[PDB]
file start.txt (compact mmCIF, C-alpha atoms)
# COMPACT_ATOMS: atom_id res chain seq x y z
CA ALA C 1 35.77 73.73 126.90
CA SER C 2 39.46 74.42 127.54
CA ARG C 3 40.81 76.44 130.46
CA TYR C 4 43.80 78.78 130.21
CA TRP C 5 46.96 77.17 128.85
CA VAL C 6 49.35 80.08 128.17
CA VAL C 7 53.01 79.86 129.17
CA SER C 8 54.72 82.45 131.37
CA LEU C 9 57.98 84.02 130.20
CA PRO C 10 59.04 87.68 129.81
CA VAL C 11 60.98 89.11 126.87
CA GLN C 12 64.29 88.61 128.71
CA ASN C 13 63.37 85.00 129.56
CA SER C 14 62.64 83.52 126.14
CA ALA C 15 62.85 79.72 126.07
CA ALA C 16 63.59 79.50 122.33
CA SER C 17 66.98 79.23 120.64
CA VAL C 18 67.17 83.04 120.45
CA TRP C 19 65.46 85.93 122.22
CA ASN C 20 63.44 86.78 119.10
CA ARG C 21 63.10 83.10 118.13
CA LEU C 22 59.98 82.60 120.27
CA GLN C 23 57.70 83.54 117.36
CA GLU C 24 59.40 81.30 114.79
CA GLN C 25 62.49 79.17 114.09
CA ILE C 26 62.43 77.82 117.67
CA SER C 27 63.16 74.21 118.64
CA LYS C 28 59.40 73.85 119.20
CA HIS C 29 59.09 73.21 115.45
CA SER C 30 61.08 69.98 115.83
CA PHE C 31 58.76 68.85 118.64
CA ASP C 32 55.67 70.06 116.69
CA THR C 33 54.65 72.33 119.56
CA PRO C 34 51.81 74.67 118.47
CA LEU C 35 53.25 77.56 120.51
CA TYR C 36 53.09 80.97 118.82
CA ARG C 37 53.07 84.59 119.95
CA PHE C 38 53.49 88.18 118.79
CA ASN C 39 54.35 91.23 120.88
CA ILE C 40 51.76 93.96 121.44
CA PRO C 41 52.93 96.16 124.34
CA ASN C 42 50.74 98.80 125.95
CA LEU C 43 51.48 102.52 125.84
CA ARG C 44 52.85 102.58 129.40
CA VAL C 45 53.03 100.49 132.56
CA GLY C 46 52.31 101.26 136.20
CA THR C 47 54.61 101.42 139.19
CA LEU C 48 55.69 98.56 141.44
CA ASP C 49 52.63 99.01 143.66
CA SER C 50 50.46 99.19 140.54
CA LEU C 51 52.15 96.03 139.25
CA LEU C 52 51.41 94.24 142.53
CA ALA C 53 47.79 95.40 142.42
CA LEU C 54 47.48 94.15 138.84
CA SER C 55 48.99 90.80 139.87
CA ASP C 56 46.46 90.56 142.71
CA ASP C 57 43.58 91.41 140.36
CA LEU C 58 44.83 88.83 137.85
CA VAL C 59 43.30 86.13 140.07
CA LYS C 60 39.87 87.75 139.80
CA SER C 61 40.38 88.24 136.06
CA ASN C 62 41.23 84.55 135.64
CA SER C 63 38.18 83.59 137.73
CA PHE C 64 35.95 85.73 135.51
CA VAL C 65 37.51 84.24 132.37
CA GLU C 66 36.89 80.74 133.74
CA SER C 67 33.27 81.64 134.52
CA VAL C 68 32.78 82.97 130.99
CA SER C 69 34.38 79.85 129.52
CA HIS C 70 32.18 77.55 131.61
CA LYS C 71 29.05 79.48 130.64
CA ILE C 72 29.95 79.39 126.94
CA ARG C 73 30.80 75.68 127.02
CA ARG C 74 27.68 74.72 129.00
CA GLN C 75 24.75 76.91 127.93
CA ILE C 76 25.45 76.78 124.19
CA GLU C 77 26.37 73.09 124.01
CA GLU C 78 23.53 71.81 126.22
CA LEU C 79 20.91 73.30 123.88
CA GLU C 80 22.17 70.85 121.20
CA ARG C 81 21.64 73.60 118.61
CA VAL C 82 23.97 76.47 119.63
CA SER C 83 27.37 74.77 119.17
CA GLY C 84 27.33 75.53 115.43
CA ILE C 85 29.67 78.51 115.84
CA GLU C 86 33.06 77.07 114.89
CA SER C 87 36.49 78.48 115.69
CA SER C 88 36.34 80.84 112.70
CA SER C 89 32.84 81.98 113.69
CA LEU C 90 33.95 82.31 117.34
CA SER C 91 37.28 83.89 116.35
CA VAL C 92 39.02 85.65 119.23
CA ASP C 93 39.77 89.30 118.39
CA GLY C 94 38.66 88.62 114.82
CA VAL C 95 41.28 85.91 114.24
CA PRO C 96 40.81 82.11 114.49
CA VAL C 97 42.55 80.04 117.15
CA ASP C 98 45.43 79.51 114.72
CA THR C 99 46.03 83.28 114.54
CA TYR C 100 44.37 84.53 117.75
CA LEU C 101 46.85 82.62 119.91
CA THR C 102 49.73 83.73 117.67
CA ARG C 103 49.30 87.45 118.42
CA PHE C 104 48.13 89.87 121.10
CA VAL C 105 46.29 92.32 118.81
CA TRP C 106 43.29 92.19 121.16
CA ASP C 107 45.10 94.86 123.24
CA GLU C 108 43.77 97.50 120.81
CA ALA C 109 41.24 100.17 121.77
CA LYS C 110 38.22 97.77 121.84
CA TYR C 111 38.37 96.30 125.35
CA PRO C 112 41.36 98.30 126.72
CA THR C 113 42.22 101.94 126.09
CA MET C 114 45.66 101.38 124.46
CA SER C 115 47.06 103.21 127.49
CA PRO C 116 48.48 102.46 130.99
CA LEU C 117 46.61 99.23 131.68
CA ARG C 118 46.28 99.50 135.47
CA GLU C 119 42.65 100.59 135.03
CA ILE C 120 42.28 99.41 131.42
CA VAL C 121 42.48 95.82 132.70
CA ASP C 122 39.59 96.52 135.07
CA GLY C 123 37.63 98.16 132.25
CA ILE C 124 38.16 95.17 129.97
CA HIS C 125 37.13 92.89 132.84
CA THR C 126 33.93 94.91 133.25
CA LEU C 127 33.26 94.63 129.50
CA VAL C 128 33.79 90.86 129.66
CA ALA C 129 31.45 90.75 132.66
CA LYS C 130 28.81 92.59 130.63
CA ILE C 131 29.26 90.10 127.79
CA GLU C 132 28.89 87.21 130.25
CA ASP C 133 25.77 88.87 131.65
CA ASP C 134 24.32 89.02 128.14
CA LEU C 135 25.17 85.33 127.70
CA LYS C 136 23.45 84.55 131.01
CA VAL C 137 20.40 86.53 129.87
CA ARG C 138 20.33 84.40 126.72
CA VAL C 139 20.63 81.24 128.85
CA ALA C 140 17.73 82.41 131.03
CA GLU C 141 15.67 83.06 127.89
CA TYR C 142 16.51 79.54 126.71
CA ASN C 143 15.42 78.17 130.10
CA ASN C 144 12.11 80.05 129.88
CA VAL C 145 11.63 78.71 126.35
CA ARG C 146 12.26 75.17 127.61
CA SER C 147 9.64 75.93 130.25
CA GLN C 148 7.38 76.83 127.34
CA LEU C 149 8.55 73.53 125.88
CA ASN C 150 7.23 70.31 127.43
CA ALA C 151 3.84 72.05 127.45
CA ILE C 152 0.29 70.63 127.68
CA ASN C 153 1.29 68.28 124.85
CA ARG C 154 3.22 66.35 127.53
CA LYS C 155 -0.10 64.95 128.82
CA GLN C 156 -1.81 61.84 127.48
CA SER C 157 -2.97 61.57 123.87
CA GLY C 158 -6.68 61.53 124.70
CA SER C 159 -9.22 59.11 126.25
CA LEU C 160 -6.96 58.92 129.33
CA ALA C 161 -6.21 60.63 132.64
CA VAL C 162 -5.02 63.93 131.13
CA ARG C 163 -5.80 65.79 127.89
CA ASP C 164 -8.63 63.36 127.15
CA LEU C 165 -10.69 66.05 125.40
CA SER C 166 -8.64 65.48 122.23
CA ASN C 167 -10.29 62.04 121.91
CA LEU C 168 -13.77 63.17 122.96
CA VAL C 169 -16.92 62.32 121.00
CA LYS C 170 -17.42 66.00 120.11
CA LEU C 171 -27.16 64.36 128.34
CA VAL C 172 -23.77 62.71 127.80
CA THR C 173 -20.31 63.24 129.28
CA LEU C 174 -16.77 62.44 128.18
CA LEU C 175 -16.12 59.06 129.81
CA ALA C 176 -13.89 56.96 127.53
CA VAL C 177 -14.17 54.01 129.97
CA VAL C 178 -11.17 51.77 129.15
CA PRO C 179 -11.17 48.06 130.28
CA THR C 180 -28.23 49.78 130.17
CA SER C 181 -31.81 49.44 128.96
CA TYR C 182 -34.22 51.83 130.68
CA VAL C 183 -36.83 54.50 129.94
CA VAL C 184 -34.03 56.81 128.74
CA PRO C 185 -32.99 56.60 125.06
CA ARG C 186 -29.88 54.59 125.93
CA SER C 187 -29.71 53.19 122.37
CA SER C 188 -26.71 55.27 121.34
CA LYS C 189 -22.96 54.97 120.80
CA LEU C 190 -20.63 57.94 121.20
CA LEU C 191 -17.40 58.44 119.25
CA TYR C 192 -15.24 58.57 122.45
CA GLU C 193 -12.62 56.08 121.10
CA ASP C 194 -8.97 57.31 121.05
CA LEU C 195 -11.12 53.58 124.35
CA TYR C 196 -14.79 52.50 123.97
CA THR C 197 -18.26 54.11 124.41
CA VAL C 198 -21.29 52.50 126.08
CA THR C 199 -25.07 52.78 125.99
CA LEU C 200 -26.10 55.80 128.05
CA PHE C 201 -28.61 58.64 128.07
CA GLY C 202 -29.24 61.74 130.15
CA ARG C 203 -33.01 61.31 130.38
CA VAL C 204 -32.57 58.76 133.20
CA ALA C 205 -29.38 58.74 135.26
CA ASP C 206 -29.46 54.95 135.70
CA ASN C 207 -28.09 54.11 132.24
CA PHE C 208 -25.69 57.07 132.23
CA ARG C 209 -24.27 56.18 135.65
CA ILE C 210 -24.07 52.49 134.71
CA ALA C 211 -22.08 53.30 131.57
CA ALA C 212 -19.89 55.93 133.25
CA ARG C 213 -18.81 54.86 136.74
CA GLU C 214 -21.42 52.67 138.49
CA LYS C 215 -19.81 49.25 137.99
CA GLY C 216 -16.55 47.73 136.85
CA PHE C 217 -13.92 50.42 136.30
CA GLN C 218 -14.81 54.09 136.71
CA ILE C 219 -14.34 56.23 133.60
CA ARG C 220 -12.24 59.41 133.43
CA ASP C 221 -13.93 62.76 132.88
CA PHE C 222 -12.74 65.16 130.19
CA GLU C 223 -13.57 68.52 128.66
CA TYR C 224 -16.73 68.44 126.55
CA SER C 225 -15.35 70.51 123.65
CA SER C 226 -12.32 69.16 121.78
CA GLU C 227 -11.67 72.66 120.39
CA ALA C 228 -10.03 73.71 123.66
CA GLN C 229 -7.80 70.62 123.61
CA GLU C 230 -6.87 71.27 119.98
CA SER C 231 -6.01 74.89 120.80
CA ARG C 232 -3.90 73.77 123.77
CA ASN C 233 -2.05 71.25 121.57
CA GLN C 234 -1.44 73.91 118.91
CA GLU C 235 -0.13 76.30 121.57
CA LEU C 236 2.15 73.57 122.91
CA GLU C 237 3.50 72.89 119.42
CA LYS C 238 4.06 76.61 118.85
CA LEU C 239 5.88 76.91 122.18
CA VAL C 240 8.07 73.90 121.34
CA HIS C 241 8.88 75.43 117.95
CA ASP C 242 9.70 78.76 119.60
CA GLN C 243 11.98 77.00 122.10
CA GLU C 244 13.75 75.20 119.24
CA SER C 245 14.15 78.49 117.36
CA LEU C 246 15.55 80.17 120.48
CA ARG C 247 17.99 77.27 120.81
CA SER C 248 18.80 77.84 117.12
CA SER C 249 18.43 81.63 116.67
CA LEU C 250 18.53 83.25 120.11
CA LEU C 251 21.16 80.69 121.06
CA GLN C 252 22.90 81.64 117.82
CA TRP C 253 23.21 85.09 119.39
CA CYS C 254 24.42 83.28 122.52
CA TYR C 255 27.12 81.60 120.41
CA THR C 256 28.06 85.00 118.99
CA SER C 257 28.36 86.25 122.57
CA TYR C 258 30.53 83.20 123.28
CA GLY C 259 32.80 84.24 120.43
CA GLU C 260 32.92 87.73 121.92
CA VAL C 261 33.83 86.13 125.25
CA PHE C 262 36.62 84.27 123.46
CA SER C 263 37.84 87.63 122.15
CA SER C 264 37.70 88.99 125.71
CA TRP C 265 39.71 85.98 126.90
CA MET C 266 42.28 86.69 124.19
CA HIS C 267 42.50 90.27 125.47
CA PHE C 268 42.88 88.89 129.00
CA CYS C 269 45.75 86.68 127.83
CA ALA C 270 47.35 89.70 126.16
CA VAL C 271 47.10 91.60 129.45
CA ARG C 272 48.46 88.60 131.37
CA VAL C 273 51.50 88.55 129.08
CA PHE C 274 52.40 92.05 130.27
CA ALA C 275 51.48 91.05 133.84
CA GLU C 276 53.99 88.18 133.73
CA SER C 277 56.54 90.49 132.11
CA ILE C 278 56.17 92.93 135.01
CA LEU C 279 56.24 90.10 137.56
CA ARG C 280 59.45 88.44 136.30
CA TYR C 281 61.12 91.38 134.52
CA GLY C 282 61.10 95.16 134.33
CA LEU C 283 58.01 97.34 134.51
CA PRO C 284 57.55 98.08 130.75
CA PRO C 285 55.44 95.44 128.97
CA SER C 286 57.64 93.07 126.97
CA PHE C 287 57.07 89.31 126.79
CA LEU C 288 58.56 86.43 124.81
CA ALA C 289 56.33 83.58 126.03
CA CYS C 290 53.77 81.71 123.92
CA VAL C 291 50.16 80.54 124.19
CA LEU C 292 48.87 77.23 122.80
CA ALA C 293 47.38 73.87 123.80
CA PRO C 294 50.29 71.45 123.37
CA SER C 295 50.70 67.82 124.35
CA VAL C 296 52.37 66.68 127.57
CA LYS C 297 55.67 65.95 125.81
CA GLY C 298 55.81 69.40 124.23
CA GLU C 299 55.07 71.10 127.54
CA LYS C 300 57.76 69.00 129.23
CA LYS C 301 60.28 69.97 126.54
CA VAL C 302 59.35 73.65 126.92
CA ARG C 303 59.79 73.38 130.69
CA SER C 304 63.18 71.71 130.21
CA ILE C 305 64.23 74.55 127.89
CA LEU C 306 62.94 77.25 130.27
CA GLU C 307 64.30 75.63 133.47
CA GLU C 308 66.53 78.72 133.70
CA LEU C 309 63.37 80.48 134.95
CA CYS C 310 61.61 77.60 136.69
CA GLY C 311 59.02 78.21 139.39
CA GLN L 1 -39.41 57.12 126.46
CA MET L 2 -38.49 60.12 128.61
CA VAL L 3 -38.21 62.39 125.55
CA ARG L 4 -41.98 62.87 125.77
CA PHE L 5 -41.63 63.14 129.56
CA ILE L 6 -39.42 66.20 129.00
CA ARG L 7 -42.42 67.91 127.41
CA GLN L 8 -44.56 66.89 130.39
CA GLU L 9 -41.99 68.31 132.82
CA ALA L 10 -41.82 71.58 130.88
CA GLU L 11 -45.63 71.79 130.84
CA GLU L 12 -45.74 71.16 134.60
CA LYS L 13 -43.16 73.89 135.23
CA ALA L 14 -45.06 76.34 133.02
CA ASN L 15 -48.33 75.45 134.77
CA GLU L 16 -46.75 76.01 138.19
CA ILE L 17 -45.35 79.38 137.08
CA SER L 18 -48.73 80.41 135.65
CA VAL L 19 -50.51 79.28 138.83
CA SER L 20 -48.14 81.36 140.97
CA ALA L 21 -48.63 84.35 138.66
CA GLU L 22 -52.42 83.99 138.85
CA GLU L 23 -52.30 83.66 142.65
CA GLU L 24 -50.27 86.87 142.86
CA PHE L 25 -52.61 88.49 140.31
CA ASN L 26 -55.48 88.62 142.81
CA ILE L 27 -53.22 90.29 145.38
CA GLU L 28 -51.94 92.76 142.78
CA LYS L 29 -55.50 93.62 141.72
CA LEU L 30 -56.58 94.07 145.35
CA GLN L 31 -53.55 96.29 146.00
CA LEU L 32 -55.23 98.86 143.73
CA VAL L 33 -58.92 98.03 144.23
CA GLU L 34 -58.42 98.13 148.00
CA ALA L 35 -56.48 100.72 150.05
CA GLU L 36 -57.55 103.46 147.61
CA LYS L 37 -59.85 104.70 150.38
CA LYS L 38 -56.60 105.79 152.05
CA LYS L 39 -54.99 107.33 148.95
CA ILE L 40 -58.16 109.32 148.23
CA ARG L 41 -57.67 110.91 151.66
CA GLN L 42 -54.61 112.61 150.10
CA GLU L 43 -55.46 112.90 146.40
CA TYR L 44 -58.83 114.64 146.86
CA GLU L 45 -59.48 115.09 150.59
CA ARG L 46 -56.68 117.68 150.54
CA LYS L 47 -59.06 119.65 148.30
call {"tool": "encode", "arguments": {"input": "start.txt", "output": "structure tokens"}}
result
Amino acid sequence: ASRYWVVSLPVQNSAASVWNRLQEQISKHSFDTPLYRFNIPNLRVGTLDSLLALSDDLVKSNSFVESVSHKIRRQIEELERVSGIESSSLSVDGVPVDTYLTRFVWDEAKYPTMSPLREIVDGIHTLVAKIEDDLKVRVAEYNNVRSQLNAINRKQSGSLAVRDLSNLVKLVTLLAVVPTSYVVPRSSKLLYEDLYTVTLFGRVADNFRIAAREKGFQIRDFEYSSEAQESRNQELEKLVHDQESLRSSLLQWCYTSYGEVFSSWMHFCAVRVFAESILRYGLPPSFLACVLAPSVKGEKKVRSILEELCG
Amino acid sequence: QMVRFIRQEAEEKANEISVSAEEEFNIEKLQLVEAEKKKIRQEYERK
């Protein structure tokens, strides 16, 4: 998927034409930059030491967000049936990417406490970790289903080395010798063709051994009753269908968890807005930056505008 | 041709089993006909 791409600028360091022009009427419209934002400050902010601790923990928060993003982009997509949750279905904080990135409403009481965010950030991180753990549980279930997939049906289609009971003829044994007269009633022909059958009888072992493995190429043994092979094939088909359903229904829940993780990442970006505001401005949360996924030219223009607060 | 030989084999097995049973039958009969001179020393000699 896409990693974090939010800009860093406090309320006092807006890069637009005006301080309040970051949301709209900025020069970014001329350059077609998709940047958008909306303020959503917390109830209160911590002290300078609390701000430094939050800045230190922001690295761990970003690492957790990256882990969640990698899990969502890998586990769902690899199943080839879980990527059906679009941006609207995976809307962050209930709003699509068009509106989720244009506001910080995820700072409401769902993940944080709408309060001093020094511990609310850690609580939201723990909630996102729980969501990622649920996604990992879904991925493990998908892996176990895939283990149920590629079942006994993966063997040969009968009259061969493996799963040859499905092509059995059901004193005689399953031989299916692929490329005789005696006292025994060797005048017989089994139905062991997926292969060929040969004259054999159990009354005298000479004809049976001659037909089975005595000369030429030795035949391959198989289960006498084809009912067991049919049951195994039916179980394999059922397991494959269950794996496909899990990749389509259980992995649909995984995609829903991925949308929840996107909401958690939106909340993390909302928290990081206040973190940057504290880092490069006063303690109270107030930011005028923007979050989007622009082109190289738009980012360069934004950096040229904001060079007054360059890194 | 060995389909009839299966009947012969079964008859031979049954004959062997019956011969063993008859051979043990004499011993079983003698187990009661004989040694009762000892058991009568407890069943009635006690009286």
call {"tool": "interface_residues", "arguments": {"input": "start.txt", "of": "chain L", "to": "chain C", "cutoff": "9 Å", "atoms": "all atoms listed in the file", "output": "JSON list (two decimals) with C-alpha atoms, keeping the file's coordinate frame"}}
result
[["chain", "number", "residue", "atom", "x", "y", "z"],
["L", 1, "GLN", "CA", -39.41, 57.12, 126.46],
["L", 2, "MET", "CA", -38.49, 60.12, 128.61],
["L", 3, "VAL", "CA", -38.21, 62.39, 125.55],
["L", 5, "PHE", "CA", -41.63, 63.14, 129.56],
["L", 6, "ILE", "CA", -39.42, 66.20, 129.00]]
call {"tool": "residues_around", "arguments": {"input": "start.txt", "residues": "residue 232 of chain C", "least_positions_apart": "2", "cutoff": "10 Å", "atoms": "only C-alpha atoms", "output": "PyMOL selection string"}}
result
chain C and resi 151-153+163+166+226-230+234-238
call {"tool": "closest_residue", "arguments": {"input": "start.txt", "among": "C:307, C:9, C:45, C:187", "to": "residue 119 of chain C", "atoms": "all atoms listed in the file"}}
result
C:45
call {"tool": "atom_distance", "arguments": {"input": "start.txt", "atom1": "atom CA of residue 208 of chain C", "atom2": "atom CA of residue 231 of chain C"}}
result
28.9 Å
call {"tool": "residues_around", "arguments": {"input": "start.txt", "residues": "segment 92-108 of chain C", "least_positions_apart": "2", "cutoff": "6 Å", "atoms": "only C-alpha atoms", "output": "number ranges by chain"}}
result
C: 36-38, 40, 87-88, 110, 114, 262-263, 267, 270, 291
call {"tool": "atom_distance", "arguments": {"input": "start.txt", "atom1": "atom CA of residue 16 of chain L", "atom2": "atom CA of residue 206 of chain C"}}
result
27.4 Å
call {"tool": "residues_around", "arguments": {"input": "start.txt", "residues": "residue 4 of chain C", "least_positions_apart": "4", "cutoff": "10 Å", "atoms": "only C-alpha atoms", "output": "list in words"}}
result
residues 62, 65, 66, 69, 265, 269, 291, 292 and 293 of chain C
call {"tool": "build_atoms", "arguments": {"input": "start.txt", "residues": "segment 16-27 of chain L", "atoms": "N, CA, C and O atoms", "output": "mmCIF file, in the coordinates of the input"}}
result
data_model
loop_
_atom_site.group_PDB
_atom_site.id
_atom_site.type_symbol
_atom_site.label_atom_id
_atom_site.label_comp_id
_atom_site.auth_asym_id
_atom_site.auth_seq_id
_atom_site.Cartn_x
_atom_site.Cartn_y
_atom_site.Cartn_z
ATOM 1 N N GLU L 16 -47.047 75.517 136.852
ATOM 2 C CA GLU L 16 -46.750 76.010 138.190
ATOM 3 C C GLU L 16 -46.448 77.507 138.171
ATOM 4 O O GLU L 16 -46.917 78.258 139.038
ATOM 5 N N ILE L 17 -45.668 77.957 137.185
ATOM 6 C CA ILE L 17 -45.350 79.380 137.080
ATOM 7 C C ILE L 17 -46.621 80.189 136.831
ATOM 8 O O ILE L 17 -46.830 81.247 137.441
ATOM 9 N N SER L 18 -47.488 79.708 135.936
ATOM 10 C CA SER L 18 -48.730 80.410 135.650
ATOM 11 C C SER L 18 -49.656 80.422 136.866
ATOM 12 O O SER L 18 -50.348 81.414 137.110
ATOM 13 N N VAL L 19 -49.681 79.330 137.632
ATOM 14 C CA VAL L 19 -50.510 79.280 138.830
ATOM 15 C C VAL L 19 -50.008 80.283 139.866
ATOM 16 O O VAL L 19 -50.804 80.978 140.507
ATOM 17 N N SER L 20 -48.687 80.369 140.050
ATOM 18 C CA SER L 20 -48.140 81.360 140.970
ATOM 19 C C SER L 20 -48.449 82.778 140.499
ATOM 20 O O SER L 20 -48.810 83.648 141.306
ATOM 21 N N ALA L 21 -48.319 83.030 139.193
ATOM 22 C CA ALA L 21 -48.630 84.350 138.660
ATOM 23 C C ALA L 21 -50.094 84.702 138.864
ATOM 24 O O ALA L 21 -50.421 85.832 139.238
ATOM 25 N N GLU L 22 -50.996 83.746 138.634
ATOM 26 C CA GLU L 22 -52.420 83.990 138.850
ATOM 27 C C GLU L 22 -52.738 84.208 140.322
ATOM 28 O O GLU L 22 -53.586 85.045 140.654
ATOM 29 N N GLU L 23 -52.086 83.460 141.215
ATOM 30 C CA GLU L 23 -52.300 83.660 142.650
ATOM 31 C C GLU L 23 -51.849 85.046 143.080
ATOM 32 O O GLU L 23 -52.523 85.697 143.886
ATOM 33 N N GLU L 24 -50.713 85.515 142.560
ATOM 34 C CA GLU L 24 -50.270 86.870 142.860
ATOM 35 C C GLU L 24 -51.098 87.924 142.125
ATOM 36 O O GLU L 24 -51.086 89.093 142.525
ATOM 37 N N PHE L 25 -51.800 87.534 141.058
ATOM 38 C CA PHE L 25 -52.610 88.490 140.310
ATOM 39 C C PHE L 25 -53.762 89.024 141.144
ATOM 40 O O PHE L 25 -54.089 90.213 141.067
ATOM 41 N N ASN L 26 -54.403 88.161 141.938
ATOM 42 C CA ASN L 26 -55.480 88.620 142.810
ATOM 43 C C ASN L 26 -54.968 89.631 143.828
ATOM 44 O O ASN L 26 -55.613 90.655 144.083
ATOM 45 N N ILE L 27 -53.800 89.359 144.415
ATOM 46 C CA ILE L 27 -53.220 90.290 145.380
ATOM 47 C C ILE L 27 -52.852 91.604 144.707
ATOM 48 O O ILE L 27 -53.068 92.682 145.270
#
